[PDB]
Amino acid sequence: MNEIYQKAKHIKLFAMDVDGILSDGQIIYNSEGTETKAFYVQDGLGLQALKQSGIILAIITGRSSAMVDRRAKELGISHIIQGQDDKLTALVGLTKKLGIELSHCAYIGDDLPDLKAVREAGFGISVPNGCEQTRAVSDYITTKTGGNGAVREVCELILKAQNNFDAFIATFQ
Amino acid sequence: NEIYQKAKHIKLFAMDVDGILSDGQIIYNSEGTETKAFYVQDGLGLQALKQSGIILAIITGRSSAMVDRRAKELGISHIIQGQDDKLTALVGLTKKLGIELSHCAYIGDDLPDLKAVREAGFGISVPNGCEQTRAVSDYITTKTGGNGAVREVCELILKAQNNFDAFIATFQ
Amino acid sequence: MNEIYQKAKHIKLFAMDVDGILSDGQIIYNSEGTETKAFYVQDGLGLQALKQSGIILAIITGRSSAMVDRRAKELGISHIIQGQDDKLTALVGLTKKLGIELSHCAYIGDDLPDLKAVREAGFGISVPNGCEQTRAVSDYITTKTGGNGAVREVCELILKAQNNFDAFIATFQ
Amino acid sequence: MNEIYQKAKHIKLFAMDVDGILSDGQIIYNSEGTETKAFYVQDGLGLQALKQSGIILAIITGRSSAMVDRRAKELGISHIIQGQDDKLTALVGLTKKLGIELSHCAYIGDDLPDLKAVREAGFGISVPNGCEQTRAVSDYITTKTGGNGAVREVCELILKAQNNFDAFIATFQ
Ligand SMILES: [Mg+2]
Ligand SMILES: [Mg+2]
Ligand SMILES: [Mg+2]
Ligand SMILES: [Mg+2]
């Protein structure tokens, strides 16, 4: 632990990849030209509690979709960078816009495009379903899988390492 | 006998939706539609609980036509949507049905479900559920949510009430 | 173990439950009131093969749906019985219509309403995902699960029992 | 795990089955006549990397749908054959239309229609969800299942055999 917690303690921004992280990775099409994407419910409460404890939420995704716009809005995710292959540059751009540093950003991804941003963020996360190279470069690997609570699990970890986890639990107790 | 005694006197069984009746997936498409999946074997269990005289209810923080439909075809008379404070709703039910909290079962999977699982006469959770709800529950299912969790529990309550073998005999 | 083949060798009618057998048990709804159901692709080739060796196929379900009609018609399943509580009566009513005895009927099912039909058919089949009572009265239980190959495997098993499997494989070699 | 690298060394075309390879083999229908098919995100980045290494791509499937077109175009798959059960016929047709030896063709599939093309290609591949006959005929079985990164797995494998794996990764480091 130790190193993980200090990295997580100084986080002001959590920035997410969509496919493989917020969803399990299925790109779903149908015979009328419609697209579908699945998200996990427990991820929703975790993100909410990070917003309310003071952390700014962001999405950086290489694909563009309405489903992502619809989920981000309802979740209180504030910055939505769609159609962006270069994750680092978007993350650096938010850092200058919000007036923080890479060291104050947490980043979670699952594939090669995320690699630099996971490497250069203060706290870089990946998932079991994530590829070999991106996992080698991360400060933490989740126990749960993309679209099955990987985000929630890291939400609770940042909350713990900020001694904010009990405030959150107690509102339901 | 710990679990069987708590369940022996259930007069109403009430349920969370997402994570319980579904595997907790929330599905959206590019034309503004939402989708939810349920498990067939749950329906049979729930219907069997109905027939023995147990009242059924749903209490969920989200809101959808899918939940109305499933509940209608399953004889679920109390459908409470857009409601995150599960314990107030359940107590609201308890009183207006003329029953007690000790005669209530409630199954749930996340923190909004905590207090209701704690205060319900028979509190239930699931493997996929979080640790704080689970620590507070009288029983945990082997099968996951949207995978027989509810059916398992339905069978549990019937056995407790001397009603399982007779339900089985209807299909023999 | 080998009592299994004598049962399988005189099958002229293979009748299937739908949910838990042709599907994994997911009943799917949406906000426009639509319903959806998933089928396994490999089950097709196996029902195609049983139909070719001269076996007549049937579906008995306590549930409606045009999805059943669509899948059934693409596999050439002639007899489709939907909205049926009592499967055993449906099955028997179907044997009288044909020149068939219960002994020449195979039937596969996952839950209690399938119990009598699985028990009285000459070759009753169930699945790892079926309830306990239905499994304890079947003559065979599949390795693969509903909507994941249960049907294909039992299709292969009957073909082997009727000396039609080896000829069937060969056509793809 | 050594015979595989030489077989793959000379591949100038990777051709693919759809159902059971690019998807998990679910065939999805709803009550408005709409068919749905699911794909895997990490496969795309695998395919475009191959295509960028100078390898032509192809699909050969027994079914027909708008989804396969939408996905194939999206991933730069130029040769798309639909409504064809003779996979070995179609592939040969492609090999001679493009002027390439069959020893240079890699082909992946899950079931019996695929078995001849798998066996006769310079690099035939199957997956764990696939049948026994087609598995026993393949040069390589994937660890990852159809619709869950099987295509991505082989994609990287071909790159490693061709000495383009390192250059592919560098672009994200
Ligand atoms: Mg991703
Ligand atoms: Mg829930
Ligand atoms: Mg069934
Ligand atoms: Mg196939």
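The basis for the numbers below is simple: all heavy atoms, side chains too, and nothing from hydrogens, waters or symmetry mates. All chains are named by letter (A, B, ...) in the order of the sequence lines, taking the proteins before the strands, and each is independently numbered beginning at 1.
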Polar side-chain atom of C:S126 near backbone of C:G109 as donor-acceptor pair, under 3.5 Å: yes

Short side-chain to backbone donor-acceptor contact, C:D85 and C:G62, under 3.5 Å: no

Side chain to side chain contact (heavy atoms under 4.5 Å, CB included), paired with A:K37, selected from A:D24, A:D19, A:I28: A:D19

Exam field: side chain B:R134 to backbone B:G129, donor-acceptor pair closer than 3.5 Å: yes

Rounded distance [0.5 Å steps], CD1 in B:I157 versus CZ in B:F164: 13.0 Å

Gap separating the CD1 atom of B:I80 from the CE atom of B:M15, nearest 0.5 angstrom: 11.5 Å

Polar side-chain atom of C:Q82 near backbone of C:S65 as donor-acceptor pair, under 3.5 Å: yes

Side-chain donor or acceptor of C:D17 paired with backbone N/O of C:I21 under 3.5 Å: no

B:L49 vs B:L56, side chain to side chain contact (heavy atoms under 4.5 Å, CB included): CA-CA, chis, key distance, verdict: CA-CA 8 Å; B:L49 272 188; B:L56 317 182; 4.3 Å; yes

CD/B:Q172: more than 12 non-hydrogen atoms of other groups inside 6.0 Å: yes

Donor on one side chain, acceptor on other, A:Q42 and B:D109, under 3.5 Å: yes

Rounded distance [0.5 Å steps], CG in B:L97 versus OG in B:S77: 7.5 Å

Distance, nearest 0.5 Å, that separates CG of C:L13 from CG of C:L91: 7.0 Å

Donor-acceptor contact below 3.5 Å, side chain A:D43 vs main chain A:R152: yes

Candidate pair C:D111 and C:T134, rule side chain to side chain contact (heavy atoms under 4.5 Å, CB included), full reasoning: CA-CA 6 Å; C:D111 215 342; C:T134 294; 5.5 Å; no

Between B:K86 and B:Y106: side-chain donor-acceptor atoms closer than 3.5 Å: yes

CA sep, side-chain torsions, deciding dist, call: A:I141, A:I125, side chain to side chain contact (heavy atoms under 4.5 Å, CB included): CA-CA 6 Å; A:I141 312 297; A:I125 313 94; over 6 Å; no

Sidechain-backbone polar pair: B:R69 side chain, C:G33 backbone, donor-acceptor under 3.5 Å: yes

Sub-4.5 Å side-chain heavy-atom contact between B:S102 and B:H9: no

Check: C:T145 main-chain N/O paired with C:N148 side-chain donor or acceptor under 3.5 Å: no

Backbone of B:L114 reached by a side-chain donor or acceptor of B:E119 within 3.5 Å: no

Separation of B:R70 CZ from B:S22 OG (nearest 0.5 Å): 11.5 Å

Check ion pair A:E74-B:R62 (N to O, under 4.0 angstrom): yes

Main-chain N/O of B:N29 paired with B:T33 side-chain donor or acceptor, under 3.5 Å: no

Reported CD-to-CZ distance for the pair C:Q133 and B:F171, which is rounded to 0.5 angstrom: 11.5 Å

Flag if over 12 foreign heavy atoms under 6.0 Å of NZ, B:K159: yes

Under the side chain to side chain contact (heavy atoms under 4.5 Å, CB included) test, residues paired with C:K144 that sit two or more places apart: C:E153

B:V126 to B:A149 - nearest heavy-atom pair and separation: CG1-CB, 3.9 Å

